[PDB]
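Student: Okay, here's the structure, questions in a sec.
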Amino acid sequence: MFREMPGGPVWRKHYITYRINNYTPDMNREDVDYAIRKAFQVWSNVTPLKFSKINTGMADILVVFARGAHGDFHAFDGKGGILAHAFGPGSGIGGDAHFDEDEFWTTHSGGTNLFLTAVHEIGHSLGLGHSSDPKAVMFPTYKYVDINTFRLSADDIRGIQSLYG
Ligand SMILES: CC(C)[C@H](NS(=O)(=O)c1ccc2c(c1)sc1ccccc12)C(=O)O
Ligand SMILES: [Zn+2]
Ligand SMILES: [Zn+2]
């Protein structure tokens with residue numbers, strides 16, 4: 001009762017497209033796109049895939065930020081608890097996930113880093129289950145650092161390598 005698995009854009013588990021039809025009026029909107037472009041790269045760097053964003057149309061997964069609530073989902077509980085969410089990516093209005101802005105963000109980091117989190121969120125995208133504790137970017141602030149200082153560990157590399165490149 002869920003075998004359904006369609007896809008409009010280049011969907012083949014190999015290439016995943018991401019589109020941001022919205023951001024949030026509080027910080028450089030470009031800093032939200034740039035880091036997302038540098039984030040999807042972290043994966044291509046260690047994978048022979050190709051993730052690209054279309055200027056307009058339908059993308060494998062739609063990203064949208066908001067605060068308080070946004071119709072979809074049972075609405076965020078507020079600041080705390082969860083920091084992000086991700087629904088089964090593959091169904092029509094399913095991949096079009098949304099990020100919880102109910103918290104205080106800052107491109108300068110400090111609070112909740114969206115960059116480090118970026119690579120984490122994508123982890124679920126590639127149906128990547130969770131590990132035990134291999135100091136993976138999953139761990140809370142495994143390596144809290146700027147976006148240009150972002151670096152993976154040999155342990156986090158032992159998880160993805162499971163694909164053999
Ligand atoms: C959605 C939720 C159940 C869970 N994610 S989480 O617990 O919200 C979760 C897990 C990892 C990280 C954050 C939030 S915030 C952050 C900053 C830097 C690096 C890592 C992370 C999940 O992995 O599915
Ligand atoms: Zn949402
Ligand atoms: Zn995770």
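Derivation of every value follows stated rules applied to the coordinates shown; laboratory data play no part. Here Cβ is always computed from backbone atoms with ideal geometry, including for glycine, and neighbour counts include all displayed protein chains.
Student: Tell me the residue from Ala118, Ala136, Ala97, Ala66 that is under 17 Å from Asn22 (Cβ atoms), surrounded by 16 or more Cβ atoms within 10 Å (Cβ to Cβ) and without any contact (Cβ under 8 Å) to a residue 40 or more places away in the chain, please. Break it down stepwise before answering.
Tutor: On the way: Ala118 fails: without any contact (Cβ under 8 Å) to a residue 40 or more places away in the chain; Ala136 fails: under 17 Å from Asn22 (Cβ atoms); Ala66 fails: without any contact (Cβ under 8 Å) to a residue 40 or more places away in the chain.
Among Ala118, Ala136, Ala97, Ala66, only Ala97 is under 17 Å from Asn22 (Cβ atoms), surrounded by 16 or more Cβ atoms within 10 Å (Cβ to Cβ) and without any contact (Cβ under 8 Å) to a residue 40 or more places away in the chain.
Student: Could you check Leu116 against (1) assigned to a helix (DSSP H, G or I); (2) within 16 Å of ligand 2 (Cβ to nearest atom) and say which number it fails?
Tutor: For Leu116, the exception is condition (2).
Residue-wise test of (1) farther than 19 Å from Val42 by Cα; (2) aliphatic (A, V, I, L, M); (3) out of contact with any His (no Cβ under 8 Å at 6 or more places or on another chain).
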| site | (1), (2), (3) |
| --- | --- |
| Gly80 | yes, no, yes |
| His108 | yes, no, yes |
| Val119 | no, yes, yes |
| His124 | no, no, yes |
| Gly127 | no, no, yes |
| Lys135 | no, no, yes |
| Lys143 | no, no, yes |
| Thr149 | no, no, yes |
| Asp156 | no, no, yes |
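Student: Within the range 119-165, which residues are within 16 Å of ligand 2 (Cβ to nearest atom) and in contact with a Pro (Cβ under 8 Å, 6 or more places away or on another chain)?
Tutor: The answer is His124, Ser125.
Student: I want to confirm something. Restricting to the range 109-126 and keeping residues that are more than 22 Å from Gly57 (Cα to Cα) and among the β-branched types (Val, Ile, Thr), which single residue is farthest from ligand 1 (Cβ to nearest atom)?
Tutor: Out of the qualifying residues, it is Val119.
Student: Mind counting the residues in the range 87-99 that are in a loop (DSSP other than H, G, I, E, B), more than 9 Å from ligand 2 (Cβ to nearest atom) and within 14 Å of the chain's Cα centre (by Cα)?
Tutor: Filtering the range 87-99 for residues in a loop (DSSP other than H, G, I, E, B) gives 87-88, 90, 96-97.
Filter again for more than 9 Å from ligand 2 (Cβ to nearest atom), leaving 88, 90.
Cutting the leftovers down to within 14 Å of the chain's Cα centre (by Cα) gives us 88.
Within the range 87-99, residues that are in a loop (DSSP other than H, G, I, E, B), more than 9 Å from ligand 2 (Cβ to nearest atom) and within 14 Å of the chain's Cα centre (by Cα) number 1.
Student: Determine if the range 63-80 includes at least one residue that is away from ligand 2 (no atom under 15 Å from the Cβ) and part of a loop (DSSP other than H, G, I, E, B). Even if it seems obvious, please write down each step before you answer.
Tutor: Residues of the range 63-80 that are away from ligand 2 (no atom under 15 Å from the Cβ), as a first pass: 79-80.
Of the ones still in play, those that are also part of a loop (DSSP other than H, G, I, E, B) are 79-80.
For the range 63-80, residues away from ligand 2 (no atom under 15 Å from the Cβ) and part of a loop (DSSP other than H, G, I, E, B): present.
Student: Now a separate question. Can you pull out the residues in the range 87-121 that are in contact with a helix residue (DSSP H, G or I) (Cβ under 7 Å, 6 or more places away or on another chain) and under 17 Å from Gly7 (Cβ atoms)? First the steps, then the outcome.
Tutor: At the first step, the residues of the range 87-121 found to be in contact with a helix residue (DSSP H, G or I) (Cβ under 7 Å, 6 or more places away or on another chain) are 87-89, 105, 107, 114-115, 118-119.
Within the range 87-121, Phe87, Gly88, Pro89 meet the criteria.
Student: Another question, if that's okay. Give the residues of the range 44-62 that are assigned to a loop (DSSP other than H, G, I, E, B) and of a type in the set (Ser, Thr, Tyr), sorted by residue number.
Tutor: Quick first cut of the range 44-62, residues assigned to a loop (DSSP other than H, G, I, E, B) only: 46-60.
Selection gives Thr47, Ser52, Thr56.
Student: Could you tell me how many of the residues in the range 90-108 are farther than 26 Å from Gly8 by Cβ and more than 10 Å from ligand 1 (Cβ to nearest atom)?
Tutor: Of the residues in the range 90-108, 7 are farther than 26 Å from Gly8 by Cβ and more than 10 Å from ligand 1 (Cβ to nearest atom).
Student: Next question, about the same structure. Please work out if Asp102 is over 14 Å from the mean Cα position of the chain (by Cα), within 16 Å of ligand 2 (Cβ to nearest atom) and either in a helix (DSSP H, G or I) or loosely packed, with under 13 Cβ neighbours inside 10 Å (or both).
Tutor: So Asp102 fails the test.
Student: Can you say whether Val42 is away from ligand 3 (no atom under 16 Å from the Cβ) and either without any contact (Cβ under 8 Å) to a residue 60 or more places away in the chain or closer than 26 Å to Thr149 by Cα (or both), as far as the supplied structure shows?
Tutor: Numbers: away from ligand 3 (no atom under 16 Å from the Cβ): no; either without any contact (Cβ under 8 Å) to a residue 60 or more places away in the chain or closer than 26 Å to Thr149 by Cα (or both): yes.
Taking the combined requirement at face value, the residue does not satisfy it.
Student: Only one residue in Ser125, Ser109, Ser91 is within 16 Å of ligand 3 (Cβ to nearest atom) and among the hydroxyl-bearing types (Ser, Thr, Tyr). Which one?
Tutor: When all the criteria are applied, what remains is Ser125.
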